[PDB]
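What follows is a short report on a single structure.
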Amino acid sequence: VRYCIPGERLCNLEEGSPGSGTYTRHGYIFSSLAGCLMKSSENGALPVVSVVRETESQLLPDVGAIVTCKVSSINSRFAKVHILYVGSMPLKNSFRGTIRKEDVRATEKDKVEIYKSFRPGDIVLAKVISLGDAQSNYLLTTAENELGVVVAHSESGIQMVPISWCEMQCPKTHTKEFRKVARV
Amino acid sequence: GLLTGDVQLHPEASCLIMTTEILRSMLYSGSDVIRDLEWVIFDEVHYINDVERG
Amino acid sequence: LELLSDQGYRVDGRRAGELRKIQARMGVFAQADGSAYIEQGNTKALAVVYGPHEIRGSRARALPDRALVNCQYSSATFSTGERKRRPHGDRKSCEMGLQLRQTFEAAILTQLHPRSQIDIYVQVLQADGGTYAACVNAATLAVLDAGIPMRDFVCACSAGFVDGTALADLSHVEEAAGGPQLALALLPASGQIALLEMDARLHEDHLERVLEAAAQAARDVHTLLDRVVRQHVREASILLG
Amino acid sequence: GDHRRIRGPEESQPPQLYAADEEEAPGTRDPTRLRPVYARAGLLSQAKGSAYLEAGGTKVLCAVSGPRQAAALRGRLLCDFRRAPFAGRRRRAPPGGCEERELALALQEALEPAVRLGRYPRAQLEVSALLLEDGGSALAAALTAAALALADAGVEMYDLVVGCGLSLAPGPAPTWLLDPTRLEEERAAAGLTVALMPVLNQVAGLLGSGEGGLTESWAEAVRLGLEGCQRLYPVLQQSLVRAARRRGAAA
Amino acid sequence: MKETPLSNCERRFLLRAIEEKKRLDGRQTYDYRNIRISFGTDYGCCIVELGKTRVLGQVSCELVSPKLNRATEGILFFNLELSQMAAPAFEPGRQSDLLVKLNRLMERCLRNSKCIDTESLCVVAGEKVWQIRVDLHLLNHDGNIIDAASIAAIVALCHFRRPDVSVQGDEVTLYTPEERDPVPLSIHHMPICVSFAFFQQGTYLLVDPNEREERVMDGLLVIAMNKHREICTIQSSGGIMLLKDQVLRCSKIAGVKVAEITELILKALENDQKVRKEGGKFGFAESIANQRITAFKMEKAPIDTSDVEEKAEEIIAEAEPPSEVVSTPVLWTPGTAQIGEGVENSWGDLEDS
Amino acid sequence: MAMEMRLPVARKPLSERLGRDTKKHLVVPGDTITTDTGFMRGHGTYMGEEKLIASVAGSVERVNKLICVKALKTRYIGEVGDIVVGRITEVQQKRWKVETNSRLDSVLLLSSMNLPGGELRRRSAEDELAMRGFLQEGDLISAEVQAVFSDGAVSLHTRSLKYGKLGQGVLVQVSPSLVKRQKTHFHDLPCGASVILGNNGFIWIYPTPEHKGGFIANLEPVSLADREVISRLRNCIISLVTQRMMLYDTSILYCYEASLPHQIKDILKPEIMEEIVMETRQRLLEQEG
Amino acid sequence: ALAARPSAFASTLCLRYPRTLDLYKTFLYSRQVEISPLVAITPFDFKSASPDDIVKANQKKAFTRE
Amino acid sequence: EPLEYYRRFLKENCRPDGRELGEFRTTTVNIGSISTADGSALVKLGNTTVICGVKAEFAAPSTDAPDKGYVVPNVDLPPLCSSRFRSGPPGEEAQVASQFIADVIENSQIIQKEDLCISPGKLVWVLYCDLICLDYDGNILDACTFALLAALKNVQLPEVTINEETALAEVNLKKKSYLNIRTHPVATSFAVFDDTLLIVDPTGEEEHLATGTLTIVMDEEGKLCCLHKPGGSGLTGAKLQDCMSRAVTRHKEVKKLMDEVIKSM
Amino acid sequence: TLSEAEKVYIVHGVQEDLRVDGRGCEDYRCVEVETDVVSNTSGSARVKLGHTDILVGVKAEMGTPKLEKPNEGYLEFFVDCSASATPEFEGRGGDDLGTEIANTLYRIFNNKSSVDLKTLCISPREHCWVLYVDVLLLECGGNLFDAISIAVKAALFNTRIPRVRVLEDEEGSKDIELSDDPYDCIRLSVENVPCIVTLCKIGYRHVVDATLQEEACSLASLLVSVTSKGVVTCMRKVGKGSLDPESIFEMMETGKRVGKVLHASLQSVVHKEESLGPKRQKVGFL
C-alpha cells in the first residue's frame with residue numbers, strides 16, 4: 001500500500017474518476033490530501049479513486065450530517081447547544097448552535113413548549129439543515145423519530161433511563177419530568 | 001378566515017372568505033397573497049347587471 | 001515682552017476689537033457627502049462629514065429617539081514649528097472632539113433621523129491661534145454642505161484680557177502667555193451659548209466684558225460667514241434653473 | 001513601562017556596540033551548492049498539525065491549529081509570525097516589531113495561493129511560526145515549514161510551497177549566491193526570496209530589494225531560485241511519506 | 001452588567017417637586033449636604049464625605065531628574081480613577097468618556113490656578129528634584145463627584161509634609177523623621193469647585209444635586225473659584241443653553257458657597273492640628289462610631305502560645321522517613337542525559353529508511 | 001503615448017460665462033420666513049416662537065398654504081410607486097438588506113420575489129433554504145417600492161416581469177436629485193444599448209436584450225460594437241451629470257449624437273466637456289425654444 | 001539534494017512519550033483513603049403510539065376533511 | 001462518567017499514563033545548542049517542553065544601591081504550545097508563571113547581584129532570561145524552574161576591563177569566565193483530588209478535573225524557599241510531611257542530574 | 001463589491017483592449033502634481049490621480065549621526081491614513097495600511113545611492129541632518145502606490161536645507177550658528193529618485209493604472225521601483241493569485257517602458273513649473 005501528498009499524477013479521466021478530497025486538471029487526477037490510496041472498485045468498473053486520511057482530527061460540519069451535542073442554555077423560544085461529536089468521533093473543539101421552535105417534533109406544529117423539551121445539561125442527537133446566519137450559525141433540527149435527547153441526567157446527579165415518549169420519571173425518588181425521547 | 005367589514009378573524013388562514021370590495025382592495029396592492037392562490041370562486045355572478053356595484 | 005503697545009497696536013498690527021482675515025470655500029471633495037475649507041487668519045482647518053447611514057457594527061448601540069453624532073479629531077505632524085508626532089490615543093484630541101460632539105448634539109436638530117449615525121471628521125493642517133473655533137466653523141460649513149438641518153448657524157470665537165482690556169481672536173503667541181483665555185459657541189438669532197470655556201485666573205468684574213467682547217466677535221464672524229453661504233447658494237441657484 | 005511584565009533597567013546598551021573585535025572577513029564558496037536540510041513532521045502532540053525545520057544555522061518551529069468558529073462562502077486564514085528573542089546579534093523587544101508584521105504579511109500572501117478556502121465556509125485557520133535561531137535565509141524557512149505543517153494537518157491544498165533565498169556579492173563583479181548565511185547576508189547588497197509551486201510551476205511569492213539595477217541579473221536570481229525550489233522538493237517528498245507512514249502505523 | 005433603568009414615575013415626581021421648589025431630602029435650593037472629614041496617621045491622607053459620597057485622597061512625593069528645560073521647578077502628576085464599587089456601571093475600560101473630562105477638570109483647576117508653589121521644590125538644578133504625585137479614588141457614587149474630589153485634593157495637599165534635606169557646598173544628604181522633622185508645603189490659594197444643574201430648559205436651578213436629580217436634568221455648570229474673590233475655571237456642559245445674567249448669579253452663588261466651604265476646611269484642619277499637637281490619639285481606627293451596632297473594640301491578646309513546640313515535635317517524629325530507592329542517570333553523549341524508565345535502543349537510527 | 005501633465009487652473013466664480021439673474025426667494029438656516037396668521041411647515045423648516053424659521057439652505061416652494069424649503073443636497077427619500085435600483089449587502093433568514101442611498105437600509109421580503117420558474121408551482125419552507133443561494137451577497141436587482149415603514153424604512157417588491165436580477169453592463173452613481181420625474185423610467189435608446197434611470201441615483205447601462213428575471217445567465221462574450229457604445233454613454237453620462245444638467249432621454253441622446261466627431265478615449269479634458277455641454281445647451285435652446 | 005543526519009537538540013525534541021511489583025509505597029490508594037431501586041421497565045421500547053407518526057398516517061389515509 | 005472513569009484507574013492504582021501514582025515522568029535535557037545566546041538549555045519532561053535563553057547586557061545601577069546587577073525573568077506561553085491561549089498581551093497563566101520564577105530567584109538567593117558589577121555606580125551587567133513553552137501538558141512551574149537552573153549553569157561572561165584616561169570598556173573576548181551559583185532550588189508539584197487523594201506529576205486533564213494544587217521547592221540543605229498553594233480542598237500536617245519525604249528523593253534525583261551533566265561537559 | 005456578471009464583462013473588455021472609461025490596456029490617466037502648498041514645512045506636493053488625493057510634507061531638522069556610519073543622515077517615513085478619507089478608517093483601522101506603505105517606502109529608499117548621504121552630515125560623529133517625510137492620505141481612489149511615489153519625488157525636489165557654516169572649533173562658537181539669512185538654502189539633487197510602477201494582471205493581460213473596480217477583478221500584481229536612469233530597486237509581489245514565470249518577463253518590459261516615460265515626463269513638467277518662479281501664484285484647497 002502507498003500513501004499520498006496533496007498533489008501527484010494518479011490516473012487519467014478515462015482510467016477512473018475523481019472521488020472524495022481530490023481534484024482534476026488537464027486530463028489528469030491530482031491528489032489533495034496526505035492520506036491513503038483507496039480505490040473503491042464497487043460495481044461497473046472504472047473505480048472512483050479517492051484519498052482519505054482515515055484519522056479525522058477535525059471535520060467541518062456540512063449541510064446534512066448527524067452530530068452529537070450538549071445543551072448549554074435554554075430559552076422560551078430557542079435553545080443554544082454545543083456540538084460535541086460529529087456522528088461518532090470526538091471533537092477537539094466546540095462550536096455553537098441554536099434550536100428554533102420549529103424543529104422539535106416531526107410535524108412543525110404549534111404548541112410544543114421548548115421549556116420542557118431540552119433541559120440544560122443533556123446530550124442530544126440532531127441533524128443540521130443549513131449553514132445559518134451570523135446570529136444562529138448551524139440551525140440544527142430534531143424533526144425525526146431517531147433524534148432527540150438520548151442520555152439525560154437527574155436533578156441530583158444520577159444517570160437517567162428513558163421511560164416513555166413524552167414523560168420521564170426519576171428512578172431514585174420517583175419524580176416525573178418531561179423530555180423528547182429519541183429511538184435507541 | 002373572515003374578512004367581512006365588521007368582523008375580522010384569522011387574516012392569515014388558508015381559506016379567506018370576504019366581500020367583493022376586499023378582493024379589489026387586495027388586488028390594487030400586491031399583498032403577497034396572489035402568489036399562493038390556486039382557486040378563486042364567485043358566489044353571485046348576477047351583479048354584473050348591478051347598477052351601482054357591477 | 002510687549003503684547004500691547006501704548007498706542008494700542010498688537011504684535012501683528014491689529015487693534016483690540018479687530019478680527020483676522022478669513023477665506024473660505026464650499027464643496028472641496030467629491031466622494032464624501034460634504035466638505036468645507038476655512039483659513040481663519042493663519043490657521044488652516046478642514047472638515048469632512050458623512051450623511052445619515054446604517055450604524056457600523058450593528059452591536060445594538062442605537063437610540064430610538066434621535067440620531068448618533070460621532071465626531072473625530074486629528075492633526076498633521078507638521079502643524080507647528082516642532083514635529084511633535086502623537087499617536088491616535090492622546091487625550092487632547094478626545095476631549096476637543098468630545099466638546100465638538102457636545103456642541104453638535106445641541107446645535108443640530110437631530111430628532112429627525114432615528115437609528116442613524118452622523119460621522120464628522122476634522123483635519124487641521126496648520127495650527128496658529130484658536131483651533132477650536134476654526135474646527136467648529138469648518139464643521140458647521142461642512143454640515144451645511146451636506147444638507148443636514150440645524151436650528152441656527154453656530155459660530156465660535158475666543159477672547160482675552162491684558163492690562164485691563166479685552167482682546168479678540170487671540171493667537172498662539174498671545175495664548176502662550178498665561179492669560180484668562182475664554183471661548184464661546186453662539187447661536188446668533190437667540191444669543192444662546194452652546195459651550196463655554198476659560199482658563200487661568202481672572203477677577204469677576206471683567207468676566208462680563210470679556211464675555212461681551214467674545215460674543216460680539218462671534219457676531220462679527222457670523223456676518224462674514226453668512227455672506228459666504230449666501231454667495232454659494234446664489235451660485236448654485238444660478239447654476240440650476 | 002509595561003504593566004504586564006517584569007520591569008528591569010530602563011535602558012540597556014548591548015556589548016556588541018562596545019565589542020572591540022573588528023568585523024571579520026566572510027570568505028568564499030561555490031554559489032551552486034545547498035546547505036543540507038533535515039525535515040521532520042508531526043512533532044508536537046497537542047497541536048492539530050506541526051512541523052520543525054532545521055538546516056545549517058536556521059531553527060524554525062511551525063504549528064497549525066484546526067478550524068475554529070468565525071468572502072464567506074470562504075474561510076479566513078489568520079497568520080502570526082514571531083521570532084525568539086535569543087536569535088541574532090542583539091535582543092529584541094517582546095511586544096512586537098514592524099519587521100515581524102512585514103514578514104507575517106509576506107507569509108500570508110504566500111500560503112493562501114496553495115490552500116483552497118472554498119471548502120471551509122465561515123471558518124478560519126490560524127498559523128503560528130517561531131524562529132529559534134537566525135543563521136541564514138529565514139523567509140525560505142518560514143514558507144517551507146508552514147506549508148509542511150498544513151500538509152500534515154489534513155487541510156486541502158492544491159500543492160505545496162517551497163522557498164529559497166539569494167544574496168548579491170559586494171565586489172566589483174557581483175554574483176548571486178544560493179542559501180546565504182549571516183556572514184554572507186550582512187555583507188551583501190541585495191537579496192531575493194522566491195516561493196515556487198514545484199508541480200503547478202507557478203510562483204507564489206516574490207520579494208527583493210537592494211542595489212542591483214540591471215534587468216538581466218534578476219532573471220538569473222529568479223530562475224536559480226526556481227532551480228532551488230525544484231531541488232529542495234525531494235526531501236520534503238520523503239518527509240511527508242515518512243510522516244504519513246508513521247501516523248498510519250500508529251493506529 | 002448595567003444600571004437599573006429609570007421609570008416614568010420618578011421623572012414626573014422629581015419634576016412636580018422641582019416646579020414646586022421642594023426636594024426629596026428636605027434641603028432647599030441653595031444648600032449643601034453636610035460634610036465630614038477624617039484624617040489618617042501618615043501625612044497626606046484623608047476621607048471626605050459629602051452627603052453620602054466618599055473620596056479618598058493621598059499625596060506622595062519622590063525624587064527624580066527634571067527632564068530637559070524647566071531646570072528649576074518640579075513636576076506634578078495627577079491620575080483620577082473611578083472604582084468599580086462607586087456604582088455598578090463603572091467598569092475598567094468601558095467609561096472612557098467621563099474619565100477624560102474629570103481628569104481634565106481636576107488638572108486645569110489645580111495646575112493652572114498656580115496655588116501650589118512648585119518653584120521651591122528643587123535640590124539642585126539639572127539634578128534630582130522632588131516630583132509630587134496626587135492620587136484620588138472614588139469609593140461611593142451619590143452625585144457631585146467633582147466637588148468632593150476637589151475638596152479631597154485640597155485637604156490632602158494642605159496636610160502633606162515632605163522629607164527634608166541638607167545642601168551646602170556640592171554635597172547632598174537625606175534625613176528621616178528622627179534625624180530631621182518633616183516640613184509643610186506652601187499653598188498660595190485654595191481653588192474649590194462648585195456645580196449647578198439646570199432643569200426644564202434653564203427655568204430652575206438646584207445647588208449640589210445628587211444622582212437621581214442628575215438623571216432628570218438637562219446640563220451641568222461647574223464654576224471653580226479660589227478664595228478671596230477670584231474665579232479660576234468654569235465649564236458648562238451637558239445639554240444646556242444659557243443666558244448672561246445667569247452666569248453672574250452663578251458666580252455670586254459660588255463666591256458665597258466657597259466662602260462657607262473654606263471656613264469649614266480651615267476649621268477642620270486647625271482642630272486636627274491641635275489634636276495632633278496636644279498628644280492625643282488620632283487615626284482611622286479612632287474614628288469608628290461607638291454608639292453604633294457595627295463597631296467593636298478589643299485590646300491585645302496572647303492566645304496561648306504554650307503548646308506549639310510539642311505538636312510540631314510529635315508531627316515531625318510521627319511520619320515516615322524518606323525512602324531509599326535512588327535512581328541512576330544514563331549518559332547518551334555529553335550534553336544529554338536521561339532518567340526514568342529509559343528508552344530501549346541507544347538512539348534511533350534508520351527507523352524508517 | 002506621452003502621459004500629458006498639465007497644471008491646475010483657478011476656477012472662475014459667479015458663472016459669468018452666460019449671465020442670469022434669479023427671480024426666486026433664497027434663504028439660509030435661521031432666516032425668518034413669512035409669519036402670517038396661519039401657515040403649514042414643510043420639510044426643511046421648523047417653528048420657534050411665533051416664527052417660521054428656515055432650517056436648510058435652498059429655495060422656498062409654496063403650493064397655496066405650504067411654506068417649505070427645497071435643499072440641493074439630501075439623501076433619497078422613499079415614495080410609493082417609485083423605481084429604485086439597489087445592491088444586496090446582507091442575506092438574512094427571511095429577508096435581504098439592500099443599499100439604495102437612503103438614511104437606512106431597505107428590506108426585500110421573501111414573500112415578494114419572482115422565484116425561478118415564473119409560475120404557480122409551490123411556496124413553502126423548502127424555498128427558505130435556497131433563497132440565500134441565488135440572491136447572494138453583492139448582487140444587483142431592480143425593484144419597486146411597496147410601502148413606507150414607521151421609521152423611514154422602505155419595503156420594496158419585485159412583483160412584475162421587468163424587475164429582477166440584472167446582467168452585464170456598467171454602473172454610474174450620481175446624486176439622487178439629478179434624475180427627472182417622468183412616467184417611463186425605462187428606455188430603449190436607438191443606439192445599441194438600454195438604460196434604467198433609477199430615482200435613487202443608480203444608473204445602469206446594458207446592451208439591448210437581442211430579441212423579445214435572472215433565470216438566464218448569458219455569460220457569453222459581448223460584441224465589440226456594443227462596448228464602444230456603452231463606453232460612449234458612460235462618458236456622456238458623467239459629462240452631463242457633472243455640471244448642472246438634469247438627466248432624461250433627450251439630453252443623453254443629444255449629447256451622444258454630439259459626441260461622434262472625436263474619439264471616446266480623448267474626452268476627459270475640462271474643455272472638451274465644456275464644448276460638448278454648451279453645444280447640448282444650445283441645441284436644447286434651439287429645439288425647446 | 002542530500003538529506004542529513006540529526007543532532008542532539010532535534011533528537012531530544014522528537015521524543016514520543018508512550019504491574020512490575022510495587023514502589024512509592026505511601027502513594028497507594030487503599031492506604032490513603034441500602035439501595036432498593038424498584039426500577040421501572042428498563043427501556044421504553046416505543047412499541048406504542050408515538051403521536052407524530054399517528055397524525056401523519058392518520059391524515060394521509062383518512063383524506064376526508066369533513 | 002468523568003470522575004468515575006478516572007477513579008476506576010485510581011482504585012486500580014494505575015492511572016492511564018501507566019504510572020504507580022507516586023512516580024514522575026521521564027526527564028531529559030540538553031544544554032548548549034543555541035549559539036546566538038550566552039547560555040541556553042532544553043528541558044523535556046515527557047511532553048511539557050520548556051526552553052530558556054540568557055543574554056547579558058550593560059545597564060546603569062539603581063539610585064539606591066549602586067552595586068547590584070539586574071536579573072529579569074519572563075515566561076511566555078505562545079498560542080502554539082496549546083490551543084487555549086490566544087494572541088495578544090500575555091495572559092494570567094504566563095504572568096503568574098513569571099512572578100513565581102521571580103520570587104524563586106529572589107528568595108532562593110541563588111545569585112548575588114554584587115558579583116556582576118564592574119565599576120560601582122556607573123555600569124552593571126544585566127541578565128535577560130526569557131522562557132518560552134514549546135508544549136503544555138502539566139506541571140509547568142517544575143520544568144520552567146529546571147530549565148532556568150540548567151541554563152544558569154552554562155552562561156559564561158567575558159572579562160571586561162575599563163581604562164582610566166579613555167574610561168571606556170574593552171571586552172576581552174578570549175578569556176571567558178563563569179558564574180557563581182550558591183544553591184539549587186528544585187520545585188515539586190502535587191495535585192489533590194476531591195478531599196483526600198494526592199498525586200505527583202499531574203497532567204492537564206487531571207488538573208482540569210482536580211480540586212487543588214500544591215508546589216514545594218527545596219534547597220540542598222533541607223530549607224524551604226516557597227510554599228505555593230493556589231488553593232483547593234485542604235490538607236493536613238501529616239500530608240505535607242508525606243509530600244516532603246517524596247520531595248527529598250526528587251531533589252536528590254535532580255541534584256544528581258545537574259551534578260552529572262555538567263561534569264560530562 | 002461588484003457582481004459576477006460585472007467581473008465577467010470587465011475581464012472580457014480587458015481582453016478586448018476596451019475599458020469602461022474608454023482607454024486602452026496601457027493608457028494612463030492624468031495627474032495634477034503641484035508644489036509649495038504648505039508654509040511651515042520645507043517642501044510640499046499634492047498629487048491627484050483621480051478620486052484619490054495625496055498631500056505630503058518634508059521638514060529638515062538637526063540631529064545626531066547613527067552609530068554604524070558617522071558621515072551620514074537618515075530618513076524616517078510615516079504614512080498617515082486620515083480617517084476623513086473613508087468612514088471605516090475611523091480611529092484604529094488605518095494602522096496596518098500605513099505600516100504597509102511605510103515599510104514598502106523604507107525598502108524603496110533603503111540603499112546607499114537613493115539620493116545622497118554625504119550632504120546631510122556636517123561634523124562626523126557629532127551632528128547630521130535629518131529629513132522628516134510626512135505623507136497624509138486625504139482620499140482613496142485606487143493606485144495609491146504611484147500617487148505616493150510621485151508626491152515623494154516631488155516633495156524631495158522642493159527641499160531647502162538652510163546652509164549652516166558654524167565652525168566646530170572648541171575655541172570658536174561650537175554651538176550651531178546659522179547663516180542668519182531667511183532665504184539661503186541648497187538644493188538636493190533628486191534627479192535619480194526612484195518611483196513605483198504597478199501592473200495589475202486580469203485574465204492573461206496586464207493593465208496599468210487600474211481603477212478600484214478593475215482592481216477588484218484582478219488576482220495578483222507586481223511592484224517595480226525604477227529611477228529615471230532605468231534601474232530596479234525593490235520588487236515585491238502583492239495579490240491573491242499565482243502569476244506564472246513567463247508573465248514576469250513580459251511584465252518587466254512594460255514596467256521599464258512605463259517607468260522611463262513617467263520619469264522623463266515628470267522631469268519635463270517639473271522644469272516647466274520651475275521655469276517661471278514667483279509668478280503664476282499658488283492655488284490649492286481653495
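Convention: chains lettered A, B, ... in C-alpha cells order; per-chain residue numbering from 1; ligands numbered from 1 as shown.
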Taking only C-alpha atoms into account, find every residue of chain A that has an atom no more than 8 Å from chain D, and write it out as a count of residues only. 16
Would you tabulate, counting only C-alpha atoms, all residues of chain A that have an atom at most 6 Å from an atom of chain G, showing the closest pair of atoms and their distance in Å to one decimal, sorted by chain then ascending number, as a Markdown table?
```
| residue | atom | partner | partner_atom | distance |
| --- | --- | --- | --- | --- |
| A:162 | CA | G:43 | CA | 5.6 |
| A:163 | CA | G:44 | CA | 5.1 |
| A:164 | CA | G:44 | CA | 5.4 |
```
Can you list, as a PyMOL selection string, every protein, DNA or RNA residue that comes within 12 Å of residue 54 of chain B when you count only C-alpha atoms, leaving out same-chain residues fewer than 6 positions away? chain B and resi 20-21+44-48
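Proximity to segment 342-353 of chain E at 9 Å, evaluated using only C-alpha atoms and with sequence-adjacent residues fewer than 5 positions away removed, yields residues 242, 245 and 246 of chain D; 330 and 332 of chain E; 11 of chain G; 26 of chain H.
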Take the residues from that selection and put them in a file with N, CA and C atoms, as an mmCIF file, in the first residue's frame.
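The result, written out as result21.cif:
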```cif
data_model
loop_
_atom_site.group_PDB
_atom_site.id
_atom_site.type_symbol
_atom_site.label_atom_id
_atom_site.label_comp_id
_atom_site.auth_asym_id
_atom_site.auth_seq_id
_atom_site.Cartn_x
_atom_site.Cartn_y
_atom_site.Cartn_z
ATOM 1 N N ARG D 242 7.285 9.664 5.143
ATOM 2 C CA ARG D 242 7.620 9.060 6.427
ATOM 3 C C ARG D 242 6.622 9.483 7.497
ATOM 4 N N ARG D 245 3.487 7.457 6.932
ATOM 5 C CA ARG D 245 3.722 6.057 7.261
ATOM 6 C C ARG D 245 3.699 5.853 8.769
ATOM 7 N N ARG D 246 4.289 6.788 9.521
ATOM 8 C CA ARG D 246 4.303 6.650 10.972
ATOM 9 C C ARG D 246 2.936 6.949 11.571
ATOM 10 N N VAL E 330 21.542 8.068 33.017
ATOM 11 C CA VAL E 330 22.087 7.411 31.836
ATOM 12 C C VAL E 330 22.763 8.480 30.996
ATOM 13 N N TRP E 332 24.034 9.512 27.210
ATOM 14 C CA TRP E 332 23.974 9.214 25.787
ATOM 15 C C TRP E 332 25.245 9.694 25.092
ATOM 16 N N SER G 11 16.936 15.402 18.141
ATOM 17 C CA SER G 11 16.632 14.049 18.581
ATOM 18 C C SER G 11 16.078 14.004 19.998
ATOM 19 N N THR H 26 9.420 10.676 32.468
ATOM 20 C CA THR H 26 10.799 10.585 32.014
ATOM 21 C C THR H 26 11.359 11.978 31.759
#
```
Interatomic distance (Å, one decimal) between atom CA of residue 162 of chain H and atom CA of residue 65 of chain H: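 For atom CA of residue 162 of chain H relative to atom CA of residue 65 of chain H, the distance reads 21.0 Å.
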As a VMD selection string, please: every residue in chain B that DSSP puts in helix (DSSP H, G or I). chain B and resid 20 to 28 34 to 36 45 to 47
Hey, can you spit out that residue selection with N, CA, C and O atoms as a PDB file, in the first residue's frame?
```
ATOM      1  N   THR B  20     -66.804  41.405  -1.826  1.00  0.00           N
ATOM      2  CA  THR B  20     -66.143  41.609  -3.114  1.00  0.00           C
ATOM      3  C   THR B  20     -65.174  42.788  -3.093  1.00  0.00           C
ATOM      4  O   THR B  20     -64.104  42.715  -3.710  1.00  0.00           O
ATOM      5  N   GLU B  21     -65.518  43.886  -2.410  1.00  0.00           N
ATOM      6  CA  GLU B  21     -64.639  45.052  -2.435  1.00  0.00           C
ATOM      7  C   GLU B  21     -63.281  44.744  -1.815  1.00  0.00           C
ATOM      8  O   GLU B  21     -62.273  45.365  -2.178  1.00  0.00           O
ATOM      9  N   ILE B  22     -63.220  43.758  -0.920  1.00  0.00           N
ATOM     10  CA  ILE B  22     -61.941  43.393  -0.323  1.00  0.00           C
ATOM     11  C   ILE B  22     -61.024  42.790  -1.378  1.00  0.00           C
ATOM     12  O   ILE B  22     -59.799  42.965  -1.332  1.00  0.00           O
ATOM     13  N   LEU B  23     -61.594  42.045  -2.329  1.00  0.00           N
ATOM     14  CA  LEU B  23     -60.770  41.410  -3.349  1.00  0.00           C
ATOM     15  C   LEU B  23     -60.093  42.454  -4.225  1.00  0.00           C
ATOM     16  O   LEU B  23     -58.901  42.340  -4.528  1.00  0.00           O
ATOM     17  N   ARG B  24     -60.816  43.516  -4.594  1.00  0.00           N
ATOM     18  CA  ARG B  24     -60.173  44.565  -5.377  1.00  0.00           C
ATOM     19  C   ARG B  24     -59.220  45.361  -4.503  1.00  0.00           C
ATOM     20  O   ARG B  24     -58.228  45.904  -5.004  1.00  0.00           O
ATOM     21  N   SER B  25     -59.505  45.449  -3.201  1.00  0.00           N
ATOM     22  CA  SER B  25     -58.607  46.172  -2.311  1.00  0.00           C
ATOM     23  C   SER B  25     -57.259  45.466  -2.232  1.00  0.00           C
ATOM     24  O   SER B  25     -56.209  46.119  -2.227  1.00  0.00           O
ATOM     25  N   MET B  26     -57.266  44.132  -2.170  1.00  0.00           N
ATOM     26  CA  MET B  26     -56.006  43.399  -2.153  1.00  0.00           C
ATOM     27  C   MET B  26     -55.456  43.157  -3.549  1.00  0.00           C
ATOM     28  O   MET B  26     -54.326  42.677  -3.676  1.00  0.00           O
ATOM     29  N   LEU B  27     -56.222  43.472  -4.591  1.00  0.00           N
ATOM     30  CA  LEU B  27     -55.706  43.360  -5.947  1.00  0.00           C
ATOM     31  C   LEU B  27     -55.078  44.652  -6.449  1.00  0.00           C
ATOM     32  O   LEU B  27     -54.208  44.607  -7.329  1.00  0.00           O
ATOM     33  N   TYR B  28     -55.492  45.804  -5.912  1.00  0.00           N
ATOM     34  CA  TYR B  28     -54.799  47.052  -6.218  1.00  0.00           C
ATOM     35  C   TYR B  28     -53.360  47.024  -5.723  1.00  0.00           C
ATOM     36  O   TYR B  28     -52.439  47.438  -6.437  1.00  0.00           O
ATOM     37  N   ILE B  34     -51.472  36.773  -3.873  1.00  0.00           N
ATOM     38  CA  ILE B  34     -51.747  36.262  -5.206  1.00  0.00           C
ATOM     39  C   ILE B  34     -50.789  35.158  -5.616  1.00  0.00           C
ATOM     40  O   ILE B  34     -51.115  34.359  -6.501  1.00  0.00           O
ATOM     41  N   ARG B  35     -49.601  35.099  -5.015  1.00  0.00           N
ATOM     42  CA  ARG B  35     -48.638  34.080  -5.410  1.00  0.00           C
ATOM     43  C   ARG B  35     -49.120  32.683  -5.038  1.00  0.00           C
ATOM     44  O   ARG B  35     -48.898  31.726  -5.789  1.00  0.00           O
ATOM     45  N   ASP B  36     -49.782  32.542  -3.889  1.00  0.00           N
ATOM     46  CA  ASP B  36     -50.242  31.241  -3.404  1.00  0.00           C
ATOM     47  C   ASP B  36     -51.745  31.034  -3.562  1.00  0.00           C
ATOM     48  O   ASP B  36     -52.371  30.396  -2.712  1.00  0.00           O
ATOM     49  N   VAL B  45     -72.727  35.867  -9.407  1.00  0.00           N
ATOM     50  CA  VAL B  45     -72.202  36.489 -10.622  1.00  0.00           C
ATOM     51  C   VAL B  45     -73.232  37.404 -11.274  1.00  0.00           C
ATOM     52  O   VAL B  45     -72.875  38.206 -12.153  1.00  0.00           O
ATOM     53  N   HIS B  46     -74.483  37.359 -10.830  1.00  0.00           N
ATOM     54  CA  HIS B  46     -75.563  38.151 -11.407  1.00  0.00           C
ATOM     55  C   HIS B  46     -75.533  39.619 -10.987  1.00  0.00           C
ATOM     56  O   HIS B  46     -76.496  40.340 -11.271  1.00  0.00           O
ATOM     57  N   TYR B  47     -74.472  40.084 -10.331  1.00  0.00           N
ATOM     58  CA  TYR B  47     -74.308  41.504 -10.058  1.00  0.00           C
ATOM     59  C   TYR B  47     -73.508  42.241 -11.119  1.00  0.00           C
ATOM     60  O   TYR B  47     -73.190  43.415 -10.921  1.00  0.00           O
TER      61      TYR B  47
END
```
Contacts of segment 69-82 of chain C at 9 Å (only C-alpha atoms; same-chain gap of 2+ positions) as a VMD selection string: (chain C and resid 49 67 84 to 86 88 93 to 94 96 to 98 100 to 101 104 to 105 110 116 to 128) or (chain I and resid 40 to 41 57 to 59 80 82 to 84 90 to 91 134 136)
How close does chain I get to chain D? List, as a tab-separated table, each residue of chain I within 6 Å, its nearest atom pair and the distance in Å to one decimal, counting only C-alpha atoms.
```
residue	atom	partner	partner_atom	distance
I:231	CA	D:213	CA	4.0
I:232	CA	D:213	CA	4.2
I:233	CA	D:210	CA	5.5
I:234	CA	D:209	CA	4.0
I:235	CA	D:208	CA	5.0
I:236	CA	D:207	CA	4.4
I:237	CA	D:206	CA	5.0
I:241	CA	D:113	CA	5.7
I:242	CA	D:204	CA	5.5
I:244	CA	D:202	CA	4.5
```
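With atom CA of residue 129 of chain C on one side and atom CA of residue 158 of chain C on the other, the separation reads 9.7 Å.
Distances to residue 154 of chain I were evaluated for I:271, I:51, I:206, I:240 using only C-alpha atoms, and the minimum falls at I:271.
Here atom CA of residue 149 of chain F is placed at a distance of 14.4 Å from atom CA of residue 81 of chain F.
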Do you know which residues are at most 9 Å from residue 82 of chain A counting only C-alpha atoms, after dropping those on the same chain fewer than 5 positions away, and could you put them as a PyMOL selection string? chain A and resi 68-72+94-98
Given the choices C:241, C:130, C:41, C:89, which gets closest to chain E if the distance is worked out from only C-alpha atoms?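 Ranked by minimum distance to chain E, first place goes to C:89.
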